[PDB]
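K.L.:
Coordinates for the following, if possible.
(one chain, ligands or ions: 1)
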Amino acid sequence: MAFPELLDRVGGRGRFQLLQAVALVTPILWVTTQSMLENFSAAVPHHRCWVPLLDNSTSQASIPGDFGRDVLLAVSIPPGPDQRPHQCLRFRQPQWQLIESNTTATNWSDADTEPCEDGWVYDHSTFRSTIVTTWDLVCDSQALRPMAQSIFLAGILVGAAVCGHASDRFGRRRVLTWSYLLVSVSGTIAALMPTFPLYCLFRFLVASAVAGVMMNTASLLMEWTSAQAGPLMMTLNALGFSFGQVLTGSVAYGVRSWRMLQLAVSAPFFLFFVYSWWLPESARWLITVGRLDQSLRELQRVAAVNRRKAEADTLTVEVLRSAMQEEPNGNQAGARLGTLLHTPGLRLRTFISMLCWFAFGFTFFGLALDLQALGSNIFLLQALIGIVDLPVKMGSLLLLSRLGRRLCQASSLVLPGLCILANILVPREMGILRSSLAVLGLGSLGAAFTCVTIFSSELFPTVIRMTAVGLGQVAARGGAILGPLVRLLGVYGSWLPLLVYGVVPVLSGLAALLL
Ligand SMILES: CCc1oc2ccccc2c1C(=O)c1cc(Br)c(O)c(Br)c1
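P.N.:
Numbers count the residues shown, from 1 in each chain. Dropping the coordinates below:
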């Protein structure tokens, strides 16, 4: 009397699973908002150096002559690479000579310019305040944003590991609801810190709790349903991320202050926590540990929801004990890691699998967090990524049976990569075509994640099937951390970050055909 018999006899498809799927997919949207808020809360607006002549009204009253704002801006600030006033320099001694056109204003030495020691001036047309405006992440401090994003992703990884151990030892629902509470508390606290390091630490905690809640939601959604309806729930979970993208765009358009935006994003998790208590605990894990009475109570409850009390009556403790006896043992999990790499037949498939996992995190998170440089309307670009993803994710499922198994991975990585590499070659004059290629590039990478999850299981044997999938997750998380740090290469040239973000997926796709 295995557990699947009990799950089928109490009802696997009836009602209850739909309600549980809704209640566990709703928080995924806000999980996505928390993950991708860093694009909007930390946007860098156009800035110019602070000038006593222009900004200070006391010096404004002392100006001899009614000089226009553009004239004074040209007098005070050297021109920049894009014919705009330069961001990080200022004339120490106001140059009245530059106004006259009889002198070619080209012989300016760096010794005549000094760093902006009196602050900066930011435009507030599109954003009222970001962390860059608040803590002056400009010039010499421009490299700290990728550090913050990498800290967030490392927090995701550490939280995933810690919550894995905690859910293995204590259960699913308890860790899930405590993750809800910790998300809410940590976000609310982070929305009020005065200094940058405290903000980074509390974002680290938020990321840890987000990883925990995502993993526990996935596990609970998978475990309470029969194997026949698993892919439908996985597809719903995948669509949850696109809906979260759309929600992130809408909410970021709604609120233009980073503190208020963070508070609004972190608020609904308390409402999730308050009702998370009513959710039934997973019966299989309760059977595994040995709390037969609690598992029987949950089984009776869930069968009562399915309006199947007549079949629910005959459940007995001895059947539960037999099911516990029939549970497979996890002792061999220690040696499953070694046999993946030591076996030559298994070694080559793992390396190809890891590269596919690695390419997704490295490419997507290095670009999905940098929509500022890919276009002007960040609000429209954020929503379009979610919108384009849905047709591609569903369309890729149909493509599986027709063109075969092997060709799927290569096509799902080469095409998104080539679009990114085509971004450089397109002239900057055509902005409409320039932005469209980037949208299709990152938008199509969503089908890559969905494909690899299904693909990895079927290759490996059932004995080590679970372990191999876990290794791919670690590589994807590890590749995410290295993503934002690539943007530091932009000082050499603007095309350098895009070349790495395009070349890497292509090689991963081209090496994927050898499986
Ligand atoms: C925003 C969700 C998320 O944040 C992470 C941080 C570190 C490693 C993985 C993730 C991760 C995913 O797994 C993921 C999976 C699928 Br399928 C998607 O279509 C999108 Br979009 C994201």
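K.L.:
So which bits of the helix or strand containing residue 311 are buried?
P.N.:
With elements taken from DSSP states H and E, the one containing residue 311 is helix 309-313. Applying a neighbour-count criterion of 16 or more other C-beta atoms under 10 Å, one finds residue 312 buried in helix 309-313. Every C-beta, even on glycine, is put in place using the N, C-alpha and C of the backbone.
K.L.:
Restricting to C-alpha, output it in CSV.
P.N.:
Output in CSV follows, covering the C-alpha atoms of helix 309-313 (Å, rounded to 0.1, in the frame of the first residue of the first chain):
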residue,chain,number,x,y,z
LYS,A,309,-15.7,11.2,3.2
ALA,A,310,-17.0,7.8,2.3
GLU,A,311,-13.6,6.7,0.9
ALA,A,312,-11.9,8.8,3.7
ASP,A,313,-13.4,6.7,6.5
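K.L.:
Check which helices and strands that helix sits against.
P.N.:
Other helices and strands packing on helix 309-313, by 3 or more C-beta pairs under 8 Å, 6 or more residues apart in numbering; DSSP states H and E, are helix 3-10, helix 292-305.
K.L.:
got the residues of this protein near the ligand?
P.N.:
32, 35, 153, 156, 238, 241, 361, 446, 449-450, 476-477, 480 (C-beta under 6 Å from any ligand atom).
K.L.:
Recalculate using a threshold of 5 Å.
P.N.:
Contact residues, the chain versus the ligand (C-beta under 5 Å from any ligand atom): 35, 156, 238, 241, 446, 449, 477, 480.
K.L.:
Quick one: neighbours of the third one, just the number.
P.N.:
For residue 238, the neighbour count with other C-beta atoms under 10 Å is 19.
K.L.:
next one: phi and psi at it?
P.N.:
The phi/psi pair for residue 238 (degrees, to the nearest 10) reads phi -60, psi -40.
K.L.:
where's the closest residue in space to it that isn't next to it in sequence relative to residue 231, distance?
P.N.:
With sequence-adjacent residues excluded and distances taken as C-beta to C-beta, 6 or more residues apart in numbering, residue 238 is closest to residue 450, at 5.3 Å. Residue 450 is 10 Å from residue 231, where distance means C-beta to C-beta, to the nearest Å.
K.L.:
Look at those two and report which has more neighbours.
P.N.:
residue 450 (21 against 11).
K.L.:
Which helix or strand contains that one?
P.N.:
Judged by DSSP H and E, residue 450 forms part of helix 431-459.
K.L.:
buried sites along that helix?
P.N.:
Buried residues in helix 431-459, counting neighbours by 16+ other C-beta under 10 Å, are found at 434-452, 455-456.
K.L.:
Can you give me the buried ones in whichever helix or strand comes after that helix?
P.N.:
Scanning forward in sequence from helix 431-459 by DSSP H and E, the next helix or strand is helix 465-485. Neighbour-count burial for helix 465-485 flags 467-469, 471-473, 475-481, 483-484 (criterion: 16+ other C-beta under 10 Å).
K.L.:
quick one, helix 465-485 and helix 431-459 angle?
P.N.:
160 degrees (axes from the mean of the first three to the mean of the last three C-alpha atoms, to 10 degrees).
K.L.:
C-alpha coordinates for the helix or strand following helix 465-485, CSV please?
P.N.:
Using DSSP H and E, the helix or strand that follows helix 465-485 in sequence is helix 495-510. Output in CSV follows, covering the C-alpha atoms of helix 495-510 (Å, rounded to 0.1, in the frame of the first residue of the first chain):
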residue,chain,number,x,y,z
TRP,A,495,30.6,46.8,-26.2
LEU,A,496,32.6,44.6,-23.8
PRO,A,497,29.8,43.7,-21.4
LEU,A,498,27.5,42.8,-24.3
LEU,A,499,30.1,40.6,-26.0
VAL,A,500,30.5,38.4,-23.0
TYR,A,501,26.7,38.3,-22.4
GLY,A,502,26.2,37.1,-26.0
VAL,A,503,29.2,34.8,-26.6
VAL,A,504,28.8,32.7,-23.5
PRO,A,505,25.3,31.4,-24.3
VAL,A,506,26.2,30.6,-27.9
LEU,A,507,29.1,28.3,-26.9
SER,A,508,27.0,26.7,-24.2
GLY,A,509,24.3,26.0,-26.8
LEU,A,510,26.8,24.7,-29.4
